[PDB]
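Dropping query.tsv in here (TSV, C-alpha atoms):
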chain	number	residue	atom	x	y	z
A	2	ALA	CA	96.20	108.79	67.39
A	3	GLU	CA	98.23	108.66	64.17
A	4	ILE	CA	99.42	110.66	61.18
A	5	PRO	CA	96.42	110.41	58.81
A	6	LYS	CA	96.89	108.73	55.44
A	7	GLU	CA	96.32	112.02	53.60
A	8	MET	CA	98.98	113.82	55.64
A	9	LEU	CA	101.57	111.11	55.01
A	10	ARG	CA	100.94	111.48	51.27
A	11	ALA	CA	101.24	115.26	51.58
A	12	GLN	CA	104.58	114.89	53.38
A	13	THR	CA	105.92	112.55	50.69
A	14	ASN	CA	104.75	114.98	47.96
A	15	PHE	CA	106.51	117.82	49.76
A	16	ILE	CA	109.73	115.87	50.05
A	17	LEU	CA	109.71	114.76	46.40
A	18	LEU	CA	109.12	118.29	45.10
A	19	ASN	CA	112.05	119.50	47.18
A	20	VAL	CA	114.29	116.69	45.90
A	21	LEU	CA	113.54	117.66	42.29
A	22	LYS	CA	114.01	121.32	43.17
A	23	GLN	CA	117.58	120.38	44.13
A	24	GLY	CA	118.11	118.70	40.75
A	25	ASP	CA	116.73	116.25	38.19
A	26	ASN	CA	116.64	112.72	39.58
A	27	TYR	CA	115.52	109.12	39.09
A	28	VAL	CA	113.32	107.04	41.35
A	29	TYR	CA	115.96	104.73	42.84
A	30	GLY	CA	118.26	107.70	43.45
A	31	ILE	CA	115.53	109.70	45.13
A	32	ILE	CA	114.71	106.82	47.47
A	33	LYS	CA	118.38	106.37	48.36
A	34	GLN	CA	118.92	110.11	48.98
A	35	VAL	CA	115.83	110.46	51.17
A	36	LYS	CA	116.92	107.44	53.21
A	37	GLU	CA	120.34	109.05	53.70
A	38	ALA	CA	118.84	112.46	54.50
A	39	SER	CA	116.59	110.85	57.12
A	40	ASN	CA	119.41	108.89	58.79
A	41	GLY	CA	117.74	105.70	57.61
A	42	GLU	CA	114.34	106.43	59.13
A	43	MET	CA	112.36	107.25	55.96
A	44	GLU	CA	112.39	104.48	53.35
A	45	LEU	CA	110.04	105.61	50.59
A	46	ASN	CA	108.16	102.90	48.69
A	47	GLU	CA	108.87	103.02	44.97
A	48	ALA	CA	105.20	102.28	44.28
A	49	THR	CA	104.35	105.46	46.18
A	50	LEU	CA	106.66	107.52	43.98
A	51	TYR	CA	105.18	106.01	40.83
A	52	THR	CA	101.67	106.98	41.95
A	53	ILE	CA	102.70	110.51	42.96
A	54	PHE	CA	104.83	111.12	39.88
A	55	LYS	CA	101.96	110.02	37.63
A	56	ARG	CA	99.74	112.70	39.25
A	57	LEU	CA	102.42	115.39	39.19
A	58	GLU	CA	103.10	114.73	35.51
A	59	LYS	CA	99.37	114.93	34.76
A	60	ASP	CA	99.27	118.33	36.47
A	61	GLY	CA	102.36	119.55	34.58
A	62	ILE	CA	104.33	119.98	37.81
A	63	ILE	CA	107.10	117.62	36.71
A	64	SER	CA	108.26	116.26	33.38
A	65	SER	CA	110.35	113.26	32.45
A	66	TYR	CA	113.01	112.31	29.94
A	67	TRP	CA	115.25	109.36	29.15
A	68	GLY	CA	118.82	109.32	30.40
A	69	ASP	CA	121.85	107.05	30.18
A	70	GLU	CA	121.15	105.96	26.61
A	71	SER	CA	124.73	106.71	25.55
A	72	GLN	CA	125.90	104.09	28.07
A	73	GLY	CA	123.49	101.46	26.73
A	74	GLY	CA	120.76	102.28	29.24
A	75	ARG	CA	117.31	103.86	29.16
A	76	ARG	CA	116.51	105.32	32.60
A	77	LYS	CA	113.64	107.67	33.39
A	78	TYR	CA	114.63	111.03	34.89
A	79	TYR	CA	112.24	113.56	36.37
A	80	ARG	CA	112.52	117.33	36.54
A	81	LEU	CA	110.54	120.12	38.15
A	82	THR	CA	108.89	122.33	35.52
A	83	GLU	CA	108.37	126.09	35.65
A	84	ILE	CA	104.74	125.34	36.52
A	85	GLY	CA	106.11	123.19	39.35
A	86	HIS	CA	108.33	126.00	40.60
A	87	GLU	CA	105.30	128.31	40.73
A	88	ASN	CA	103.21	125.65	42.48
A	89	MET	CA	105.85	125.46	45.23
A	90	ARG	CA	105.78	129.25	45.59
A	91	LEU	CA	101.97	129.22	45.83
A	92	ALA	CA	102.08	126.42	48.40
A	93	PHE	CA	104.50	128.41	50.54
A	94	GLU	CA	102.49	131.61	50.25
A	95	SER	CA	99.11	129.96	50.82
A	96	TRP	CA	100.31	128.10	53.91
A	97	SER	CA	101.78	131.42	55.10
A	98	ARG	CA	98.27	132.88	54.75
A	99	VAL	CA	96.92	129.96	56.79
A	100	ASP	CA	99.53	130.59	59.50
A	101	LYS	CA	98.58	134.28	59.58
A	102	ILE	CA	94.90	133.48	60.02
A	103	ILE	CA	95.77	131.14	62.88
A	104	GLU	CA	98.07	133.76	64.42
A	105	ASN	CA	95.23	136.29	64.27
A	106	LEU	CA	92.80	133.78	65.82
A	107	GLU	CA	95.15	133.36	68.78
A	108	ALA	CA	95.70	137.11	69.11
A	109	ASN	CA	91.96	137.80	68.91
A	110	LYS	CA	91.41	135.21	71.65
A	111	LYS	CA	93.92	136.94	73.94
A	112	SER	CA	92.37	140.34	73.22
A	113	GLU	CA	88.87	139.15	74.16
A	114	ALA	CA	90.08	137.31	77.27
A	115	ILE	CA	91.45	140.68	78.40
B	1	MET	CA	98.14	123.70	36.51
B	2	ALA	CA	100.18	125.44	39.19
B	3	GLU	CA	97.15	126.25	41.32
B	4	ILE	CA	96.77	124.79	44.79
B	5	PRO	CA	95.03	121.41	44.31
B	6	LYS	CA	91.83	120.38	46.08
B	7	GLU	CA	93.73	118.06	48.45
B	8	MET	CA	95.96	120.87	49.74
B	9	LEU	CA	93.02	123.28	50.01
B	10	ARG	CA	91.26	120.65	52.14
B	11	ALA	CA	94.38	120.29	54.30
B	12	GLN	CA	94.54	124.06	54.77
B	13	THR	CA	90.89	124.34	55.83
B	14	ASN	CA	91.30	121.28	58.10
B	15	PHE	CA	94.26	122.88	59.81
B	16	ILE	CA	92.45	126.16	60.36
B	17	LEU	CA	89.39	124.42	61.85
B	18	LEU	CA	91.43	122.15	64.14
B	19	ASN	CA	93.35	125.18	65.41
B	20	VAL	CA	90.10	127.00	66.18
B	21	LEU	CA	88.98	124.04	68.31
B	22	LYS	CA	92.43	123.68	69.88
B	23	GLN	CA	92.04	127.27	71.12
B	24	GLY	CA	88.66	126.36	72.62
B	25	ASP	CA	85.34	124.55	72.14
B	26	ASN	CA	83.11	126.39	69.70
B	27	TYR	CA	79.92	126.25	67.67
B	28	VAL	CA	79.76	126.49	63.90
B	29	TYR	CA	78.51	130.06	63.59
B	30	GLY	CA	81.13	131.19	66.13
B	31	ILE	CA	83.91	129.38	64.27
B	32	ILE	CA	82.93	131.02	60.99
B	33	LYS	CA	82.73	134.43	62.65
B	34	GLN	CA	86.15	134.09	64.28
B	35	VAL	CA	87.79	132.95	61.05
B	36	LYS	CA	86.19	135.86	59.22
B	37	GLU	CA	87.63	138.31	61.74
B	38	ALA	CA	91.04	136.58	61.72
B	39	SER	CA	91.11	136.82	57.90
B	40	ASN	CA	90.32	140.57	57.91
B	41	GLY	CA	86.79	139.83	56.72
B	42	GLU	CA	87.88	137.99	53.59
B	43	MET	CA	87.29	134.34	54.53
B	44	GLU	CA	83.69	133.61	55.56
B	45	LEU	CA	83.65	129.84	55.29
B	46	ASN	CA	80.45	128.26	54.01
B	47	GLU	CA	78.67	126.03	56.50
B	48	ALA	CA	78.48	123.04	54.13
B	49	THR	CA	82.26	122.87	53.67
B	50	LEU	CA	82.66	122.85	57.43
B	51	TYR	CA	80.09	120.07	57.88
B	52	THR	CA	81.83	117.95	55.24
B	53	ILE	CA	85.09	118.27	57.17
B	54	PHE	CA	83.51	117.81	60.59
B	55	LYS	CA	81.82	114.62	59.41
B	56	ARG	CA	85.24	113.06	58.76
B	57	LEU	CA	86.82	114.45	61.93
B	58	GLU	CA	83.95	113.18	64.08
B	59	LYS	CA	84.01	109.76	62.42
B	60	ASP	CA	87.74	109.53	63.14
B	61	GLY	CA	87.36	110.56	66.80
B	62	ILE	CA	89.35	113.79	66.37
B	63	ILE	CA	86.42	116.01	67.42
B	64	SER	CA	83.16	115.42	69.28
B	65	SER	CA	80.05	117.51	69.85
B	66	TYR	CA	77.76	118.29	72.77
B	67	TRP	CA	74.90	120.65	73.57
B	68	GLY	CA	75.30	123.92	75.42
B	69	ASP	CA	72.74	125.32	77.85
B	74	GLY	CA	67.69	127.41	71.66
B	75	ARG	CA	70.81	125.44	72.52
B	76	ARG	CA	73.98	125.63	70.46
B	77	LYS	CA	75.87	122.54	69.34
B	78	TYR	CA	79.47	122.82	70.51
B	79	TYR	CA	82.46	121.01	69.04
B	80	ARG	CA	85.60	120.09	70.93
B	81	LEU	CA	88.99	118.70	70.02
B	82	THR	CA	89.30	115.29	71.66
B	83	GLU	CA	92.34	113.95	73.51
B	84	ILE	CA	93.10	111.95	70.35
B	85	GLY	CA	92.73	115.15	68.34
B	86	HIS	CA	95.21	116.97	70.55
B	87	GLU	CA	97.68	114.10	70.25
B	88	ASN	CA	97.22	114.00	66.48
B	89	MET	CA	98.18	117.66	66.24
B	90	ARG	CA	101.32	116.98	68.28
B	91	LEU	CA	102.18	114.00	66.06
B	92	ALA	CA	101.58	116.07	62.93
B	93	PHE	CA	103.77	118.90	64.20
B	94	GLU	CA	106.62	116.48	64.98
B	95	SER	CA	106.30	114.54	61.70
B	96	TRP	CA	106.43	117.77	59.69
B	97	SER	CA	109.50	118.84	61.67
B	98	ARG	CA	111.22	115.61	60.60
B	99	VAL	CA	110.20	116.47	57.03
B	100	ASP	CA	111.84	119.88	57.39
B	101	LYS	CA	115.02	118.26	58.73
B	102	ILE	CA	115.18	115.86	55.76
B	103	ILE	CA	114.88	118.80	53.36
B	104	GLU	CA	117.59	120.71	55.22
B	105	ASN	CA	119.88	117.69	54.83
B	106	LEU	CA	118.97	117.30	51.15
B	107	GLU	CA	119.83	120.97	50.59
B	108	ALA	CA	123.14	120.66	52.45
B	109	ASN	CA	124.23	117.81	50.16
B	110	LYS	CA	123.52	119.94	47.09
B	111	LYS	CA	125.44	122.86	48.62
What is this structure when it is put down as structure tokens?
Amino acid sequence: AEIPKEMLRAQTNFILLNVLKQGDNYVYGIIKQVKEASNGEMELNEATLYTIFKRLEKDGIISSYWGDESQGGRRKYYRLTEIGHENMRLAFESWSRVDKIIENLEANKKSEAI
Amino acid sequence: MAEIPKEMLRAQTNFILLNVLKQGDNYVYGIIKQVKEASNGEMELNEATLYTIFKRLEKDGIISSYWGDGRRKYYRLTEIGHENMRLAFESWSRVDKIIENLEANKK
């Protein structure tokens, strides 16, 4: 028994989208904030973020831009796009539909048992 | 490209099917019928999609099958499958707690 590999990836995706929903961010800052928000229990691998962010950018869910150039830097920031905001709405609504189906399955089982 | 991607659609169907079996052992035509009724007639899942998913779940030991007393082939959630659903529920709750803490810091 274990959390399957696909579900771990889905959980990381979900967390990252919510981080960017809070505000634009960079990879090292995201990792640090998630570690703090998990009381040290969730230490995201930067390689994992690079893989996920490549996919999300391909799908138009996030975009990127350079920051810190005025200070002599060149750091990649990520932001949730309007398409990304809609994707998060659709994810919430579609999982709500799934929950409703499962609620009806349970209710239909009680009805028949009676 | 806002639509629900194939991976999340697969996760949604997986969750529905595992919850059917958690409620009780069942055979494929009965599962499809119950999901159709629970979706107000709108979701009549195609058998092939279900067999694709069941192939993976059976290979991973999450479900098994046996004959009833022609005979119907019944599927059951295994003890590992039940534990997996508990572990998934708890891991997603930790995810929710992380997001609550992330939101509090923004606030």
Restrict the calculation to only C-alpha atoms, then for each residue of region 25-103 of chain B with any atom at most 10 Å from an atom of region 6-20 of chain B give the closest atom pair and their distance in Å to one decimal, rows by chain and rising residue number, as CSV.
residue,atom,partner,partner_atom,distance
B:25,CA,B:20,CA,8.0
B:26,CA,B:20,CA,7.9
B:30,CA,B:20,CA,9.9
B:31,CA,B:20,CA,6.9
B:32,CA,B:17,CA,9.3
B:34,CA,B:20,CA,8.3
B:35,CA,B:20,CA,8.2
B:45,CA,B:13,CA,9.1
B:49,CA,B:13,CA,9.0
B:50,CA,B:17,CA,8.2
B:53,CA,B:14,CA,7.0
B:54,CA,B:14,CA,8.9
B:57,CA,B:14,CA,9.0
B:62,CA,B:18,CA,8.9
B:63,CA,B:18,CA,8.6
B:80,CA,B:18,CA,9.2
B:81,CA,B:18,CA,7.2
B:85,CA,B:18,CA,8.3
B:86,CA,B:18,CA,9.1
B:89,CA,B:18,CA,8.4
Quick one: everything within 8 Å of region 97-101 of chain B, counting all atoms listed in the file, minus sequence neighbours fewer than 5 positions away in the same chain. Send it as a compact mmCIF listing (two decimals) with C-alpha atoms, in the frame of the given file.
# COMPACT_ATOMS: atom_id res chain seq x y z
CA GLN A 12 104.58 114.89 53.38
CA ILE A 16 109.73 115.87 50.05
CA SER A 39 116.59 110.85 57.12
Using only C-alpha atoms, which residues of chain B come within 7 Å of chain A, and what is the closest atom pair for each, with the distance in Å to one decimal? Give it as JSON lines, sorted by chain and residue number.
{"residue": "B:1", "atom": "CA", "partner": "A:60", "partner_atom": "CA", "distance": 5.5}
{"residue": "B:2", "atom": "CA", "partner": "A:88", "partner_atom": "CA", "distance": 4.5}
{"residue": "B:3", "atom": "CA", "partner": "A:88", "partner_atom": "CA", "distance": 6.2}
{"residue": "B:4", "atom": "CA", "partner": "A:92", "partner_atom": "CA", "distance": 6.6}
{"residue": "B:12", "atom": "CA", "partner": "A:99", "partner_atom": "CA", "distance": 6.7}
{"residue": "B:16", "atom": "CA", "partner": "A:103", "partner_atom": "CA", "distance": 6.5}
{"residue": "B:19", "atom": "CA", "partner": "A:103", "partner_atom": "CA", "distance": 6.9}
{"residue": "B:34", "atom": "CA", "partner": "A:106", "partner_atom": "CA", "distance": 6.8}
{"residue": "B:35", "atom": "CA", "partner": "A:106", "partner_atom": "CA", "distance": 7.0}
{"residue": "B:38", "atom": "CA", "partner": "A:105", "partner_atom": "CA", "distance": 4.9}
{"residue": "B:39", "atom": "CA", "partner": "A:102", "partner_atom": "CA", "distance": 5.5}
{"residue": "B:84", "atom": "CA", "partner": "A:2", "partner_atom": "CA", "distance": 5.3}
{"residue": "B:87", "atom": "CA", "partner": "A:2", "partner_atom": "CA", "distance": 6.2}
{"residue": "B:88", "atom": "CA", "partner": "A:2", "partner_atom": "CA", "distance": 5.4}
{"residue": "B:91", "atom": "CA", "partner": "A:4", "partner_atom": "CA", "distance": 6.5}
{"residue": "B:92", "atom": "CA", "partner": "A:4", "partner_atom": "CA", "distance": 6.1}
{"residue": "B:99", "atom": "CA", "partner": "A:12", "partner_atom": "CA", "distance": 6.9}
{"residue": "B:102", "atom": "CA", "partner": "A:38", "partner_atom": "CA", "distance": 5.2}
{"residue": "B:103", "atom": "CA", "partner": "A:16", "partner_atom": "CA", "distance": 6.8}
{"residue": "B:105", "atom": "CA", "partner": "A:38", "partner_atom": "CA", "distance": 5.3}
{"residue": "B:106", "atom": "CA", "partner": "A:38", "partner_atom": "CA", "distance": 5.9}
{"residue": "B:107", "atom": "CA", "partner": "A:23", "partner_atom": "CA", "distance": 6.9}
{"residue": "B:110", "atom": "CA", "partner": "A:23", "partner_atom": "CA", "distance": 6.7}
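Atom pair CA of residue 25 (chain A) / CA of residue 93 (chain B): separated by 29.2 Å.
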Report task. Calculate how many Å separate CA of residue 44 (chain B) from CA of residue 111 (chain A), rounding to one decimal. Result -> 21.3 Å
